[PDB]
Structures are given as C-alpha cells and as structure tokens.
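Participant: Structure: structure-v1.cif, mmCIF, N, CA and C atoms.
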```
data_structure
loop_
_atom_site.label_atom_id
_atom_site.label_comp_id
_atom_site.auth_asym_id
_atom_site.auth_seq_id
_atom_site.Cartn_x
_atom_site.Cartn_y
_atom_site.Cartn_z
N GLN Y 834 131.91 154.42 103.40
CA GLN Y 834 133.31 154.04 103.48
C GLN Y 834 133.71 153.18 102.29
N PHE Y 835 135.01 153.18 102.01
CA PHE Y 835 135.55 152.57 100.81
C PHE Y 835 135.68 151.07 100.99
N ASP Y 836 134.93 150.31 100.20
CA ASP Y 836 135.03 148.85 100.16
C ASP Y 836 135.56 148.46 98.79
N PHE Y 837 136.69 147.75 98.76
CA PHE Y 837 137.35 147.42 97.50
C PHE Y 837 136.57 146.36 96.71
N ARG Y 838 135.80 145.53 97.40
CA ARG Y 838 135.08 144.45 96.74
C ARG Y 838 133.90 144.97 95.94
N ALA Y 839 133.20 145.97 96.47
CA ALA Y 839 132.09 146.59 95.76
C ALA Y 839 132.53 147.74 94.87
N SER Y 840 133.83 147.87 94.62
CA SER Y 840 134.34 148.97 93.82
C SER Y 840 135.30 148.56 92.72
N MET Y 841 135.90 147.37 92.79
CA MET Y 841 136.68 146.85 91.67
C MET Y 841 135.73 146.30 90.62
N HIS Y 842 135.98 146.64 89.36
CA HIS Y 842 135.12 146.23 88.26
C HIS Y 842 135.94 146.04 87.01
N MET Y 843 135.55 145.06 86.19
CA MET Y 843 136.17 144.83 84.89
C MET Y 843 135.33 145.54 83.83
N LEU Y 844 135.90 146.58 83.22
CA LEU Y 844 135.22 147.31 82.16
C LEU Y 844 135.63 146.73 80.81
N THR Y 845 134.66 146.64 79.90
CA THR Y 845 134.81 145.93 78.63
C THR Y 845 134.53 146.87 77.47
N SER Y 846 135.42 146.89 76.49
CA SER Y 846 135.15 147.67 75.28
C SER Y 846 135.84 147.01 74.09
N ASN Y 847 135.96 147.75 72.99
CA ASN Y 847 136.58 147.27 71.76
C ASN Y 847 138.03 147.72 71.69
N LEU Y 848 138.66 147.48 70.54
CA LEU Y 848 140.06 147.83 70.30
C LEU Y 848 140.17 148.33 68.87
N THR Y 849 140.43 149.63 68.71
CA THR Y 849 140.92 150.24 67.46
C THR Y 849 139.94 150.01 66.30
N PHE Y 850 138.83 150.72 66.37
CA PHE Y 850 138.03 150.95 65.18
C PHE Y 850 138.18 152.41 64.76
N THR Y 851 137.51 152.77 63.67
CA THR Y 851 137.60 154.11 63.10
C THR Y 851 136.23 154.54 62.63
N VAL Y 852 135.74 155.65 63.15
CA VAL Y 852 134.45 156.18 62.73
C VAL Y 852 134.64 157.02 61.48
N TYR Y 853 133.61 157.05 60.63
CA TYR Y 853 133.65 157.78 59.38
C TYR Y 853 132.45 158.71 59.33
N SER Y 854 132.72 160.00 59.17
CA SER Y 854 131.67 161.01 59.25
C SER Y 854 131.06 161.36 57.90
N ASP Y 855 131.81 161.19 56.81
CA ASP Y 855 131.32 161.69 55.53
C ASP Y 855 130.37 160.71 54.86
N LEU Y 856 130.76 159.43 54.83
CA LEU Y 856 129.99 158.26 54.31
C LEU Y 856 129.69 158.31 52.79
N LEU Y 857 129.99 159.42 52.11
CA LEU Y 857 129.75 159.55 50.69
C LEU Y 857 131.00 159.89 49.89
N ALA Y 858 132.15 160.04 50.54
CA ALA Y 858 133.42 160.08 49.83
C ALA Y 858 133.88 158.69 49.41
N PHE Y 859 133.23 157.65 49.91
CA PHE Y 859 133.54 156.29 49.52
C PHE Y 859 132.79 155.86 48.26
N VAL Y 860 131.92 156.72 47.73
CA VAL Y 860 131.22 156.46 46.47
C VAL Y 860 131.98 157.13 45.34
N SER Y 861 132.52 156.33 44.43
CA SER Y 861 133.08 156.87 43.20
C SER Y 861 131.97 157.11 42.20
N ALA Y 862 132.02 158.28 41.56
CA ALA Y 862 130.86 158.90 40.93
C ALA Y 862 131.21 159.42 39.55
N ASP Y 863 130.57 158.86 38.52
CA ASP Y 863 130.71 159.32 37.15
C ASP Y 863 129.32 159.49 36.54
N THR Y 864 129.29 160.04 35.33
CA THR Y 864 128.05 160.34 34.65
C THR Y 864 128.23 160.04 33.17
N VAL Y 865 127.15 159.56 32.54
CA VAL Y 865 127.06 159.51 31.09
C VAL Y 865 127.26 160.91 30.50
N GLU Y 866 127.87 160.96 29.31
CA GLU Y 866 128.05 162.22 28.60
C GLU Y 866 126.68 162.84 28.33
N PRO Y 867 126.45 164.10 28.73
CA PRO Y 867 125.07 164.63 28.83
C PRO Y 867 124.33 164.75 27.51
N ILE Y 868 124.99 164.57 26.37
CA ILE Y 868 124.27 164.41 25.11
C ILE Y 868 123.51 163.08 25.08
N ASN Y 869 123.92 162.10 25.89
CA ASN Y 869 123.29 160.79 25.93
C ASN Y 869 122.43 160.59 27.17
N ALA Y 870 122.02 161.67 27.83
CA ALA Y 870 121.22 161.56 29.04
C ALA Y 870 119.79 161.18 28.70
N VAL Y 871 119.25 160.20 29.42
CA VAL Y 871 117.92 159.67 29.14
C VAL Y 871 117.02 159.88 30.35
N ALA Y 872 115.72 159.73 30.12
CA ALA Y 872 114.69 159.94 31.13
C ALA Y 872 114.38 158.62 31.84
N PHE Y 873 113.25 158.59 32.54
CA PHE Y 873 112.72 157.36 33.11
C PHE Y 873 112.39 156.33 32.04
N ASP Y 874 111.92 156.77 30.87
CA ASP Y 874 111.44 155.85 29.84
C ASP Y 874 112.55 155.35 28.93
N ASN Y 875 113.81 155.67 29.26
CA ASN Y 875 115.04 155.39 28.51
C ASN Y 875 115.09 156.08 27.15
N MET Y 876 114.13 156.96 26.88
CA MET Y 876 114.23 157.86 25.74
C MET Y 876 115.01 159.09 26.16
N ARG Y 877 115.73 159.65 25.20
CA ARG Y 877 116.67 160.72 25.48
C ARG Y 877 115.94 162.03 25.75
N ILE Y 878 116.22 162.65 26.89
CA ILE Y 878 115.80 164.04 27.08
C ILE Y 878 116.65 164.92 26.19
N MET Y 879 116.08 166.05 25.78
CA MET Y 879 116.59 166.89 24.69
C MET Y 879 116.74 166.04 23.42
N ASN Y 880 115.57 165.64 22.92
CA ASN Y 880 115.41 164.93 21.65
C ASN Y 880 115.98 165.72 20.47
N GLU Y 881 116.09 167.04 20.61
CA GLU Y 881 116.10 167.98 19.50
C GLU Y 881 117.33 167.86 18.59
N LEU Y 882 118.43 167.27 19.08
CA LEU Y 882 119.65 167.09 18.29
C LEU Y 882 119.47 166.32 16.97
N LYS O 638 125.00 163.73 16.56
CA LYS O 638 125.19 164.79 15.58
C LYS O 638 124.04 165.78 15.71
N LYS O 639 124.35 166.99 16.16
CA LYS O 639 123.37 168.07 16.18
C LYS O 639 123.28 168.66 14.79
N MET O 640 122.09 168.61 14.19
CA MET O 640 121.92 168.94 12.79
C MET O 640 121.59 170.41 12.56
N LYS O 641 122.02 171.30 13.46
CA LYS O 641 121.89 172.72 13.17
C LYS O 641 122.90 173.16 12.12
N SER O 642 124.05 172.47 12.04
CA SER O 642 125.08 172.86 11.08
C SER O 642 124.64 172.62 9.64
N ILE O 643 123.87 171.55 9.39
CA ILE O 643 123.43 171.23 8.03
C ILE O 643 122.44 172.27 7.53
N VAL O 644 121.42 172.59 8.33
CA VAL O 644 120.42 173.58 7.94
C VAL O 644 120.99 175.00 7.98
N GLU O 645 121.95 175.26 8.87
CA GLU O 645 122.63 176.55 8.89
C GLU O 645 123.43 176.76 7.62
N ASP O 646 124.18 175.74 7.19
CA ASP O 646 124.88 175.75 5.90
C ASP O 646 123.91 175.83 4.73
N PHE O 647 122.75 175.20 4.88
CA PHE O 647 121.69 175.24 3.87
C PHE O 647 121.17 176.65 3.65
N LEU O 648 121.11 177.45 4.71
CA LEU O 648 120.73 178.85 4.56
C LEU O 648 121.92 179.77 4.30
N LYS O 649 123.15 179.33 4.59
CA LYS O 649 124.34 180.04 4.10
C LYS O 649 124.35 180.05 2.58
N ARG O 650 124.27 178.86 1.99
CA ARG O 650 124.49 178.69 0.56
C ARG O 650 123.37 179.25 -0.29
N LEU O 651 122.16 179.35 0.25
CA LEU O 651 121.17 180.24 -0.35
C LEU O 651 121.60 181.67 -0.06
N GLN O 652 121.92 182.42 -1.11
CA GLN O 652 122.66 183.67 -0.96
C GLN O 652 121.82 184.84 -0.47
N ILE O 653 120.58 184.62 -0.06
CA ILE O 653 119.68 185.71 0.32
C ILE O 653 119.59 185.87 1.83
N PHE O 654 119.44 184.77 2.56
CA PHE O 654 118.99 184.82 3.95
C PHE O 654 120.09 185.30 4.89
N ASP O 655 119.73 186.23 5.77
CA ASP O 655 120.58 186.59 6.90
C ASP O 655 120.54 185.43 7.87
N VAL O 656 121.58 184.61 7.84
CA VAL O 656 121.59 183.34 8.56
C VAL O 656 121.91 183.52 10.04
N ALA O 657 122.59 184.60 10.42
CA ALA O 657 122.86 184.86 11.83
C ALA O 657 121.64 185.36 12.58
N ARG O 658 120.58 185.72 11.87
CA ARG O 658 119.34 186.18 12.48
C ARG O 658 118.24 185.15 12.44
N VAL O 659 118.52 183.95 11.93
CA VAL O 659 117.61 182.82 12.03
C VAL O 659 118.07 181.97 13.21
N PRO O 660 117.37 181.99 14.34
CA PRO O 660 117.82 181.24 15.52
C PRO O 660 117.52 179.75 15.43
N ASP O 661 117.65 179.05 16.57
CA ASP O 661 117.55 177.60 16.65
C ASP O 661 116.27 177.05 16.03
N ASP O 662 115.10 177.47 16.55
CA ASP O 662 113.84 176.76 16.31
C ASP O 662 113.43 176.71 14.84
N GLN O 663 113.77 177.74 14.06
CA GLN O 663 113.46 177.71 12.64
C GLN O 663 114.41 176.78 11.87
N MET O 664 115.69 176.78 12.24
CA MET O 664 116.65 175.82 11.68
C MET O 664 116.21 174.38 11.95
N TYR O 665 115.82 174.11 13.19
CA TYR O 665 115.42 172.75 13.55
C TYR O 665 114.04 172.40 13.00
N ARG O 666 113.18 173.38 12.75
CA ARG O 666 111.90 173.08 12.09
C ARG O 666 112.10 172.81 10.60
N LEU O 667 113.10 173.45 9.98
CA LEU O 667 113.47 173.07 8.63
C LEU O 667 114.07 171.66 8.60
N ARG O 668 114.80 171.28 9.66
CA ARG O 668 115.22 169.88 9.80
C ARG O 668 114.01 168.96 9.93
N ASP O 669 112.97 169.41 10.63
CA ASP O 669 111.78 168.59 10.84
C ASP O 669 111.03 168.33 9.54
N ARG O 670 110.83 169.36 8.73
CA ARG O 670 110.09 169.19 7.48
C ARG O 670 110.98 168.99 6.27
N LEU O 671 112.28 168.80 6.47
CA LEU O 671 113.17 168.49 5.36
C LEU O 671 113.41 167.00 5.21
N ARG O 672 113.45 166.25 6.31
CA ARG O 672 113.64 164.81 6.25
C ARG O 672 112.33 164.05 6.02
N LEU O 673 111.24 164.76 5.73
CA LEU O 673 110.04 164.11 5.22
C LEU O 673 110.12 163.89 3.71
N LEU O 674 111.06 164.54 3.04
CA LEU O 674 111.18 164.51 1.60
C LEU O 674 112.01 163.31 1.16
N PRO O 675 111.64 162.66 0.05
CA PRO O 675 112.50 161.60 -0.50
C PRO O 675 113.76 162.18 -1.11
N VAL O 676 114.86 161.44 -0.97
CA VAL O 676 116.13 161.83 -1.57
C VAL O 676 116.03 161.69 -3.08
N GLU O 677 116.68 162.61 -3.80
CA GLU O 677 116.87 162.48 -5.24
C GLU O 677 117.54 161.15 -5.56
N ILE O 678 117.11 160.54 -6.68
CA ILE O 678 117.51 159.18 -7.05
C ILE O 678 119.02 159.06 -7.25
N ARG O 679 119.70 160.16 -7.59
CA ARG O 679 121.15 160.14 -7.73
C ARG O 679 121.83 159.91 -6.39
N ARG O 680 121.56 160.78 -5.42
CA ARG O 680 122.18 160.67 -4.11
C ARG O 680 121.65 159.48 -3.32
N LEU O 681 120.44 159.02 -3.63
CA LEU O 681 119.94 157.78 -3.04
C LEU O 681 120.72 156.57 -3.54
N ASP O 682 121.02 156.52 -4.85
CA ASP O 682 121.84 155.43 -5.36
C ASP O 682 123.28 155.50 -4.85
N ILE O 683 123.80 156.72 -4.67
CA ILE O 683 125.12 156.90 -4.05
C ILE O 683 125.11 156.34 -2.63
N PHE O 684 124.10 156.69 -1.83
CA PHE O 684 124.03 156.19 -0.46
C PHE O 684 123.79 154.69 -0.41
N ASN O 685 123.11 154.12 -1.41
CA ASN O 685 122.95 152.68 -1.44
C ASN O 685 124.29 151.99 -1.70
N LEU O 686 125.11 152.55 -2.60
CA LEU O 686 126.46 152.01 -2.81
C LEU O 686 127.33 152.16 -1.56
#
```
Take the structure in this file and express it as structure tokens.
Facilitator:
Amino acid sequence: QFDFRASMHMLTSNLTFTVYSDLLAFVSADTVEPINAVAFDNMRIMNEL
Amino acid sequence: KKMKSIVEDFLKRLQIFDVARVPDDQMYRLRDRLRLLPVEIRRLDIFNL
C-alpha cells in the first residue's frame, strides 16, 4: 500500500552543463612549412635541398 | 634554396648535354662534388666585398 512518508524523496542533480563529444575541435592546429620539417634530432629530414 | 636550378642551368649552358634526361640524383651529386672545389680568386674577392 501507498505510504507517502516512504515515497517522498528529494532528488539532487546539477544545472545546465554541456557535454562535448569531439574533444579535438578545441585544438587549433598549424604546421611548420614542410621544407623546414625536422626529425627527432632537430636535423632536417630531406637534407637534399 | 633547392640547388637543382643551379646545376640544371650548369648543364643547360654546356651546349652538349640533354638536360631534360638528367634526373635529380645526378644533378644533386654534381652539387655534392662541386662545392668541394675552391672558388676562383676573382669571384671569391667579389663575394668578400
């Protein structure tokens, strides 16, 4: 049978957040001009120029 | 500065060589064994000025 005392409850949550699914559109992304691209050793790959 | 243009012009101005049939690696190997040579004293004094 229905008892109001064992059935009333205060539920708690947040207010107005926003989930983000992509997580990598927030990274602005550029590159060195590829004639100046270097390796791990900071020497230029494609030395040949 | 990619130095294929200098050695390509170098084989242009020699009036014998079919320069469109000499590909990259020979042009760049002429670059490799051409900058081992000392500059003529005229153009060396010009570059010093």
Participant: Determine, for each residue of chain O having at least one atom at most 10 Å from an atom of chain Y, the closest pair of atoms and their separation in Å to one decimal, counting only C-alpha atoms; order by chain and ascending number, as JSON lines.
Facilitator:
```
{"residue": "O:638", "atom": "CA", "partner": "Y:882", "partner_atom": "CA", "distance": 6.6}
{"residue": "O:639", "atom": "CA", "partner": "Y:882", "partner_atom": "CA", "distance": 4.4}
{"residue": "O:640", "atom": "CA", "partner": "Y:882", "partner_atom": "CA", "distance": 6.2}
{"residue": "O:641", "atom": "CA", "partner": "Y:882", "partner_atom": "CA", "distance": 7.9}
{"residue": "O:662", "atom": "CA", "partner": "Y:881", "partner_atom": "CA", "distance": 9.6}
{"residue": "O:665", "atom": "CA", "partner": "Y:881", "partner_atom": "CA", "distance": 7.7}
{"residue": "O:666", "atom": "CA", "partner": "Y:881", "partner_atom": "CA", "distance": 9.9}
{"residue": "O:668", "atom": "CA", "partner": "Y:881", "partner_atom": "CA", "distance": 9.9}
{"residue": "O:669", "atom": "CA", "partner": "Y:881", "partner_atom": "CA", "distance": 9.7}
```
Participant: What separation in Å, quoted to one decimal, exists between CA of residue 672 in chain O and CA of residue 647 in chain O?
Facilitator: 13.4 Å
Participant: If you measure from CA of residue 878 in chain Y to CA of residue 863 in chain Y, what distance in Å do you get, rounded to one decimal?
Facilitator: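 Pair CA of residue 878 in chain Y / CA of residue 863 in chain Y returns 18.6 Å.
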Participant: Could you tell me how far CA of residue 644 in chain O sits from atom C of residue 667 in chain O, in Å to one decimal place?
Facilitator: 6.7 Å
Participant: Which parts of chain O does DSSP call helix (DSSP H, G or I) when run on the backbone here, written out as an MDAnalysis selection string?
Facilitator: chainID O and resid 641:650 656:658 661:671 678:685
